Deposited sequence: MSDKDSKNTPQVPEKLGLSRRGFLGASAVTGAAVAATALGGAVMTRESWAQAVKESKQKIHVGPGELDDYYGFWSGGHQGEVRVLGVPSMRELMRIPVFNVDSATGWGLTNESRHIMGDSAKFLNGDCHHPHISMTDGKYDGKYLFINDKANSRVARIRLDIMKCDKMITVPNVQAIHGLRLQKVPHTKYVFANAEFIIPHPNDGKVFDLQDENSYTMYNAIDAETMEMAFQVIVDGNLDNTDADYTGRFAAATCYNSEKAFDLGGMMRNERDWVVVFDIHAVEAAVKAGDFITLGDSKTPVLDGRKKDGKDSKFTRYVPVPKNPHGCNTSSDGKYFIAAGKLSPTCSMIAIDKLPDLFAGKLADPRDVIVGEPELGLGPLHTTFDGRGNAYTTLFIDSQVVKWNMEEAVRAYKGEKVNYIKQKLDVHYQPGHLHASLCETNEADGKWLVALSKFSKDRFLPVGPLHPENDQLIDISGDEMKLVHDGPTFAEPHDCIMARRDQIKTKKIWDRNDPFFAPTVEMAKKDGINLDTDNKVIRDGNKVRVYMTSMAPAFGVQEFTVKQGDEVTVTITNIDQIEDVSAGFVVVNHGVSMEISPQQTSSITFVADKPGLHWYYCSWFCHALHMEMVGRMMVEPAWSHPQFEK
């Protein structure tokens, strides 16, 4: 299998990397592991203007006031258990958001702050019949209401919730109150069931408290039951949020209709659906095991056909110290990170099931040393029924001596591993910034990108509407609209000239500059920077972009095209020559 991509050759896979606490999404070529693009999401990007432009701030909403995010879990939308290449979704643990990225333009196009929760961590997508819901865990228990009356996590109204977002509308669909908390989550291959690990069944705030119980659990959600209660109006609402809220807590040992709690040791972490749809596999973390939940036994479990929730466990292989996450080659093998032993362990799932029945059989096939302390791992197409068994990325948290020293802060080590054969082969050490936690690969032919914008693209349609109100045809017009102390500049751009090369305003005016790149050649992006005003943005071919700033300094102020004589001048008349307020 070819590991090295030479000049003129192209990568075989796209890789979509979480940006970690840096807040972006990164597009890599696989197997070269080179970074092809950065997609700003929760970060403010000087280069494109994301977080500065009106289009981007409109998408972020009120959360545009935050300059940070913390992402972990990128996932690609699916149709019938296969990637359809439409959307990528990712979490923000820092400011409790989910974002949607459109894979045709490689931009974030939608963002939501999840109501009545703190810290969106675990995230994964419904697989079947398609990605109708984005499933997202809120990790931290909080009071409801959280108004400063009650701080006690043991209060009956202190809890966290499982969250379902409508993937197409990026509005909330429902939330389910759970016992304990929520770590990671995955969905089955039918649409009925989703599942999440919990590490804080104790509802504690201290370290020893969260570690007390020998078993926490994975909570299983009957999504069909949830939907039926919503359609029946059997729900409540919290605060000013209209989101339907269902109670999936146990009441005095009696289960709700919406959830079952399968005891799993111990502070379990990863929650991974095998690519054949047979299992939710929970990684034991503090227990040296994974627990294999038989999805085929879940209907009987919710129908009371089983005596003990543990009856849905059909395997619990002992694997090594600190199992965190599991992935799949599509050949029947699972691959699990061992954080403490610092390895990836390859094991056969059907043999583990047989060992759980007492059959003496060695289900462990290989242990590969990684460098060092691996967290997530990802095999190519592992989240689909097309899991191809070719590439594996293990994302390790301490790179130590594997790269040149660069000061007290080290890179992460994302190691590419060839799993096409019976023996795992470490082929490449990939240093990355700010701790990507996890990544997702797609075949080259699963992603179809636009090379030039459509003039009706929803990304800037609000700006087109604003322009229409000013009587502006954006494809042609080079005009300065004045409106009190507001100035709206509209111009076309075509290399190497701005359509408006100078304009004059009064000191203190609020200036909006809207630029429509009317070029039609690929790769010829333009930029716009106003010197010493903190203004910067990208305008690609046929895109309209706009940015608003206060002309707070009198005098002449240059603007220039960043993304390459293509310059202009803003002239600001001093306040003392104009009416005084």
property: Missing segments of the deposited chain sequence, listed N- to C-terminal; result: 1-57, 622-627, 645-646
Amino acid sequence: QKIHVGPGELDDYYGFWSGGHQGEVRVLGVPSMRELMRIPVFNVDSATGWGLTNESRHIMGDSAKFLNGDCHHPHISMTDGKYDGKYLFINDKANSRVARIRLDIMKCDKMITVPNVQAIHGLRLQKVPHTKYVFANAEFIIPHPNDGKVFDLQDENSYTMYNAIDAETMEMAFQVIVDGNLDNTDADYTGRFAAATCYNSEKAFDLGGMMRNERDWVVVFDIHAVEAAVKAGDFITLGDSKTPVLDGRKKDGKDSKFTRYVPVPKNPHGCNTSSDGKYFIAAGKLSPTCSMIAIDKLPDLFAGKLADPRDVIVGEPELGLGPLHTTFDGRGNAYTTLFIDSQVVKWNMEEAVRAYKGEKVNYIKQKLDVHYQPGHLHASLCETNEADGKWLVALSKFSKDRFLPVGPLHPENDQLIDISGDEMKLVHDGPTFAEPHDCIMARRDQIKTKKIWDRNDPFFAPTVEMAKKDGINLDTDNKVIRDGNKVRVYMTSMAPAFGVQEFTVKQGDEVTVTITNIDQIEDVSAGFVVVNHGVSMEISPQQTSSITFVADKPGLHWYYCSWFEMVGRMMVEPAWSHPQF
From here on, numbers count along this sequence of modelled residues.
| property | result |
| --- | --- |
| Of 88-96 and 442-450, the one with larger mean CA B-factor | 442-450 |
| Entry-level comparison of average CA B-factors, 426-434 and 236-244, reporting the higher stretch | 236-244 |
| Residue selected from 45, 35, 70, 519 by maximal Cα B factor | 519 |
| Top Cα B factor in the deposited entry, candidates 469, 75, 325, 506 | 469 |
| Lowest, middle or highest third - CA B-factor, residue 194 | lowest |
| Residue 129 - which third its CA temperature factor falls in, relative to the rest of the chain | middle |
| Record-listed C-alpha B factor of residue 335: chain third | middle |
| Modelled-residue ranking by C-alpha temperature factor, third containing residue 510 | lowest |
| Residue 363 - which third its CA temperature factor falls in, relative to the rest of the chain | highest |
